[PDB]
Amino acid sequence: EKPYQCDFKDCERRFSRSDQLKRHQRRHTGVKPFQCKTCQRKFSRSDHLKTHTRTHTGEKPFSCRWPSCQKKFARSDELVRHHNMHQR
């Protein structure tokens, strides 16, 4: 199921796909290909750079679906937490 093993010392992680292993291995190497042009912070992943950028732009693409609630969020996981809050 997860044939791509991480061979770094004392790491037991295994992955379904080669690209998942490559991304994981950036944790060990510290290689960070992406940079925010606003604050120069570096990231190992482009999706992390994308959501970080919303800290500068104020974009909040995720709207609460509860009727009459107008709250918005920069990330889908913030909206999940918020929805969990409406539903006790």
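Residue numbers here begin at 1 and follow the sequence given. What we label the rigid core is the largest C-alpha set whose atoms superpose within 1.5 Å from one form to the other.
Between 53-61 and 28-36, the larger mean CA deviation from the shown form in 4 other deposited structures of this protein, after core superposition, belongs to 28-36.
Of the two stretches examined, 13-21 and 75-83, the one with higher mean CA deviation in 4 other deposited structures of this protein after a rigid core fit is 13-21.
When the C-alpha B-factors of 30-38 and 45-53 are averaged, 30-38 comes out higher. A summary of the deposited B-factors shows that, of 76-84 and 63-71, the stretch with the larger mean C-alpha value is 63-71.
Sorting the modelled residues of the chain by their CA temperature factor places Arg17 in the middle third.
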